[PDB]
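Notes for the one structure printed next.
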Amino acid sequence: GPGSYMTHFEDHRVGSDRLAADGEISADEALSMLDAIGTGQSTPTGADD
Amino acid sequence: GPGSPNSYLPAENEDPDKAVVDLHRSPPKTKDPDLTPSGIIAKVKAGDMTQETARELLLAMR
């Protein structure tokens, strides 16, 4: 259906099933990995946004 | 070769016969011609490079 149109916000990166490889990578595989990179809650700290 | 701002005023300017052609020079190189794709992903994880530039380099190495 029409959904959010061009107006309402959406958090589009809902996640799939890719996780971090334990070793070396192809340059082709690296293109897919760039999309999954982020911070937020990935490490404990007293800092805030 | 980029010139002065459009709002510049030519107080004590150079000669009008196009003398002193030695300006507009670029800075020294600060790049490496070959890297690992692991190194590209490490640069992005470190916040030292954009995903845009990282992808661009990987498309040249695949």
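In the structure tokens, chains take letters A, B, ... by order of appearance, with residues numbered from 1 within each chain and ligands from 1 in the order shown.
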
Subject >> Check: which chain A residues lie within 9 Å of chain B using only C-alpha atoms, as a list in words >> reply: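 Taking only C-alpha atoms into account, residues 24, 25, 26, 27, 28, 29, 30, 31, 33, 34, 35, 37, 38 and 39 of chain A sit within 9 Å of chain B.
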